[PDB]
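Number of protein chains: 2
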Amino acid sequence: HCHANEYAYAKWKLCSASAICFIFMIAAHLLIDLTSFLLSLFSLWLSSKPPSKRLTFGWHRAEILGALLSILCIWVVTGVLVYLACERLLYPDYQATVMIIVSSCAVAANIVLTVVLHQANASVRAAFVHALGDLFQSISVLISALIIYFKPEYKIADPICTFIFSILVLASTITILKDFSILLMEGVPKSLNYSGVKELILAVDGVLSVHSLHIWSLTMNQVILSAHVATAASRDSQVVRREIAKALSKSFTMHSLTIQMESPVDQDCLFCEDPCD
Amino acid sequence: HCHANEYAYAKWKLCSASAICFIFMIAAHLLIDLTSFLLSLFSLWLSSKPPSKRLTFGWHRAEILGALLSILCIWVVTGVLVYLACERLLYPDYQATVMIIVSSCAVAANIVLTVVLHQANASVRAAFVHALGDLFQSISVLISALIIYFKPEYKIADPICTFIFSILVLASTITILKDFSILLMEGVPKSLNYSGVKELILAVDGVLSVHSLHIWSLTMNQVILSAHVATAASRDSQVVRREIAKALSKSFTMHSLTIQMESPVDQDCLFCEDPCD
Ligand SMILES: [Zn+2]
Ligand SMILES: [Zn+2]
Ligand SMILES: [Zn+2]
Ligand SMILES: [Zn+2]
Ligand SMILES: [Zn+2]
Ligand SMILES: [Zn+2]
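These protein sequence lines map, in sequence, to chains B and A.
Going by the deposited numbering, the letters in the first sequence line up with residues 52 to 54, 64 to 87, 105 to 172, 175 to 198, 210 to 358, 361 to 369, in that order.
Going by the deposited numbering, the letters in the second sequence line up with residues 52 to 54, 64 to 87, 105 to 172, 175 to 198, 210 to 358, 361 to 369, in that order.
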């Protein structure tokens, strides 16, 4: 045959944040937040579906697609806030404490959303940064309000306040796009290393030359491995991988293995060579 | 060992469209169109790179990531044009033939961009729809101009003109997102069929029960196959797949095969069962 509660864990942790912004009707930004969540949550309902004929590996990956969307909804939001800050700069006419407690309530609220996403699921590490950004964005108008209120002589420190805080957003979203670009490109995941498994595999008896390895991954923790191995022709074949699986599954967890057990007649070729790093 | 000119074909066909909008400095929207292009082209330069250690399958898939971006740059563009049409509706003050030949030159120009992308590469079928949309968008202001100029009594037919033509954009971009959602989710590609290969494989002698098939695809024409097959224990194993490859490669083209040749002792399980369709 050659053969848990992390799923609803987020559904717990995520549905909360959806309600907070929902209950946050004390007015744009909030409405936009109320949109990213449910959809992203709805994606979390997708990965639960069983693998269908059209999607053989199943809807596992769909989470990231929802996640990667949430990120690009942050760039649009902050994209507006830089252009308006520019408009708020070029049209300098604007007029306080009224604009403080309306933000004094917001900043503390976003801490709630952020702290409950205390770092698993990608959507978690996707909605989290969406909130964190929305926090640092929120303190901009606050930390400015407690500045111009006391020092209204300038009243122009607010634009740069956003400008420096906008970068605090984008410089905090790259760390997630350095990763989700590797997933959608079928690259080796973070927690592993390409040569880190070749040697780890070459440490078994029958193997001769692991050629044409391919190890991509699904969302965050689902990894899939695939390779062709060369075995001692005098040695029995099936028994070897009968351990290699154990040899790998013991090393760490998998979601599907396919090993080919090619025979010791390979035309010693760029395709089954090596990655040139 | 168990072992063309389509690449630069687009680089030919794509660099052209990049120059046309570049040379189109006869004014914004043109600049946005220019930004979308080169990047997408730059992605086409990525897929040429050889497979590296971090990206085992290689940068083939990266094209789609660039492609899928171009699409979402269309929704943003048309997103602006519906809100402005709304603003152009709610603020009805606006005032002709001056606004005709400035568009009479545009519409015909977009035909050039579209016709040279006469339907291969995804980026082709990605930049194409980006242009086609930008055409139907362009005729809106034109077909309206030759209406209100002759019948200025209304001058309100222009908003709905965009509104109906905006849908002509989005209803033309879905056909590409029905597909590129299957690629990034590792689903079986269009040109194939899940059961279409099981039977096509089960038509060989040694095979007993192809279990745990997995057939996803890279960008458009690169397909990868992977499966475990059961063979007659009395029959020799390696010789079977020594044909199955031919049996499939003869059927159509591949980019990597991994077959496991499991033995006839499988615990007759949901995992190696079937996709429930
Ligand atoms: Zn799965
Ligand atoms: Zn091989
Ligand atoms: Zn080779
Ligand atoms: Zn390739
Ligand atoms: Zn098997
Ligand atoms: Zn099974």
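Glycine included, each C-beta is placed from N, C-alpha and C at the ideal position.
What whole-angstrom Cβ distance do residue i and residue j have, given they're in contact under 8 Å?
| i | j | result |
| --- | --- | --- |
| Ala-247 (chain B) | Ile-179 (chain B) | 15 Å between Cβ atoms; not a contact. |
| residue 173 (chain B) | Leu-225 (chain B) | Between 172 and 175, chain B has no modelled residues, and residue 173 (chain B) is one of the positions in that gap. |
| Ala-217 (chain A) | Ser-147 (chain A) | 6 Å |
| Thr-252 (chain A) | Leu-158 (chain A) | 6 Å |
| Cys-150 (chain B) | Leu-118 (chain B) | That pair is no contact at about 14 Å. |
| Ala-187 (chain B) | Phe-84 (chain B) | Rounded, the Cβ-Cβ distance is 12 Å, inconsistent with contact. |
| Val-313 (chain A) | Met-344 (chain A) | 6 Å |
| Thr-133 (chain B) | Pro-367 (chain A) | 7 Å |
Cα-Cα, which of the options is closest to residue i?
| i | options | result |
| --- | --- | --- |
| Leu-121 (chain B) | B:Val-330, B:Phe-134, B:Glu-140 and B:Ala-105 | B:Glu-140 |
| residue 100 (chain B) | B:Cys-251, B:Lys-340 and B:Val-313 | Because residue 100 (chain B) lies between 87 and 105, and chain B jumps straight from the first to the second, it has no atoms in this structure. |
| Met-351 (chain A) | A:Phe-114, A:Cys-163 and A:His-301 | A:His-301 |
| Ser-213 (chain B) | B:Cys-163, B:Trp-136 and B:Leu-145 | B:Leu-145 |
| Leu-123 (chain B) | B:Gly-143, B:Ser-353, B:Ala-187 and B:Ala-105 | B:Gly-143 |
| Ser-125 (chain A) | A:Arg-138, A:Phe-114 and A:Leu-116 | A:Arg-138 |
| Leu-347 (chain A) | B:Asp-358, B:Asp-356, B:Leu-303 and B:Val-355 | B:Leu-303 |
| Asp-295 (chain A) | A:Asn-311, A:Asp-358 and A:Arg-325 | A:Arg-325 |
| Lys-71 (chain B) | B:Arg-165, B:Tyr-160, B:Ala-210 and B:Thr-133 | B:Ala-210 |
| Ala-337 (chain B) | B:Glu-289, B:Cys-163, B:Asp-358 and B:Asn-311 | B:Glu-289 |
| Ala-221 (chain B) | B:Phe-114, B:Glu-164, B:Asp-356 and B:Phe-342 | B:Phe-114 |
| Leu-167 (chain A) | A:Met-275, A:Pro-249 and A:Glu-66 | A:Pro-249 |
| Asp-358 (chain A) | A:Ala-162, A:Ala-320 and A:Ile-109 | A:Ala-320 |
| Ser-281 (chain B) | B:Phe-270, B:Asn-311 and B:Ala-175 | B:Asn-311 |
| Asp-356 (chain A) | A:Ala-335, A:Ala-293, A:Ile-334 and A:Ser-299 | A:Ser-299 |
| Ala-293 (chain A) | A:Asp-269, A:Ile-334, A:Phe-270 and A:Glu-66 | A:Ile-334 |
Using the C-alpha atoms, what's the distance from residue j back to residue i?
| i | j | result |
| --- | --- | --- |
| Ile-229 (chain A) | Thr-112 (chain B) | 33 Å |
| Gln-198 (chain B) | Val-153 (chain A) | 33 Å |
| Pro-279 (chain A) | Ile-233 (chain B) | 52 Å |
| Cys-53 (chain A) | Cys-364 (chain B) | 10 Å |
| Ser-316 (chain A) | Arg-215 (chain A) | 28 Å |
| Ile-305 (chain B) | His-318 (chain B) | 12 Å |
| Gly-277 (chain A) | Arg-131 (chain A) | 23 Å |
| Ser-129 (chain B) | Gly-156 (chain A) | 34 Å |
| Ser-307 (chain B) | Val-177 (chain B) | 51 Å |
| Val-195 (chain A) | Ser-262 (chain B) | 41 Å |
| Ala-322 (chain A) | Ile-349 (chain A) | 15 Å |
| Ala-105 (chain B) | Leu-267 (chain A) | 28 Å |
| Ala-185 (chain B) | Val-231 (chain B) | 10 Å |
| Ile-86 (chain A) | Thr-193 (chain B) | 49 Å |
| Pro-354 (chain B) | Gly-223 (chain A) | 55 Å |
| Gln-227 (chain A) | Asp-369 (chain B) | 45 Å |
| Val-181 (chain B) | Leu-107 (chain B) | 13 Å |
| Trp-136 (chain B) | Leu-116 (chain B) | 15 Å |
| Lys-245 (chain B) | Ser-183 (chain B) | 19 Å |
| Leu-274 (chain A) | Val-219 (chain A) | 19 Å |
| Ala-64 (chain A) | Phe-342 (chain B) | 39 Å |
| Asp-269 (chain B) | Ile-254 (chain A) | 40 Å |
| residue 103 (chain A) | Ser-271 (chain A) | Since the numbering of chain A jumps from 87 to 105, residue 103 (chain A) cannot be located in this structure. |
| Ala-175 (chain A) | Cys-163 (chain A) | 20 Å |
| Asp-110 (chain B) | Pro-127 (chain A) | 41 Å |
| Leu-161 (chain A) | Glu-66 (chain A) | 41 Å |
| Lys-73 (chain B) | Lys-73 (chain A) | 49 Å |
Can you tell me whether residue i sits near ligand 7, meaning its C-beta is under 7 Å from at least one heavy atom of the ligand?
| i | result |
| --- | --- |
| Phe-363 (chain A) | Within the structure as shown, ligand 7 is missing, the only ligands being ligand 1, ligand 2, ligand 3, ligand 4, ligand 5 and ligand 6. |
Counting Cβ pairs, one atom from each stretch, are 3 or more of them under 8 Å apart for the stretch 165 to 172 of chain B and the stretch 271 to 288 of chain B? no
Per the contact definition of three or more C-beta pairs closer than 8 Å, is the stretch 69 to 83 of chain A in contact with the stretch 330 to 344 of chain B? no
Whether or not the stretch 235 to 244 of chain B and the stretch 256 to 272 of chain B are in contact is what I'm after, with contact meaning three or more pairs of Cβ atoms, one per stretch, closer than 8 Å; do they touch? no
May I ask you to list, following chain order, the residues of the stretch 273 to 287 of chain A that have a beta carbon less than 9 Å from some beta carbon of chain B? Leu-274, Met-275, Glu-276, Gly-277, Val-278, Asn-283, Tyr-284 and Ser-285
Residues in the stretch 120 to 144 of chain A with C-beta within 9 Å of chain B's C-beta atoms, listed in sequence order? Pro-127, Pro-128, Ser-129, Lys-130, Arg-131, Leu-132, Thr-133, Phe-134, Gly-135, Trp-136, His-137, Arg-138, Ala-139, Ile-141 and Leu-142
Can you list, in chain order, the residues of the stretch 338 to 349 of chain A whose Cβ is nearer than 7 Å to any Cβ on chain B? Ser-346, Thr-348 and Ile-349
In the stretch 302 to 329 of chain B, which residues sit with their C-beta less than 9 Å from some C-beta in chain A, listed in chain order? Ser-302, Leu-303, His-304, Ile-305, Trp-306, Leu-308, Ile-314, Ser-316, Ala-317, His-318, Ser-327 and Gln-328
Taking Cβ-Cβ distances below 9 Å as the criterion, which residues of the stretch 150 to 164 of chain B are in contact with chain A? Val-153
Chain B contacts from the stretch 76 to 87 of chain A (Cβ-Cβ distance under 7 Å): none
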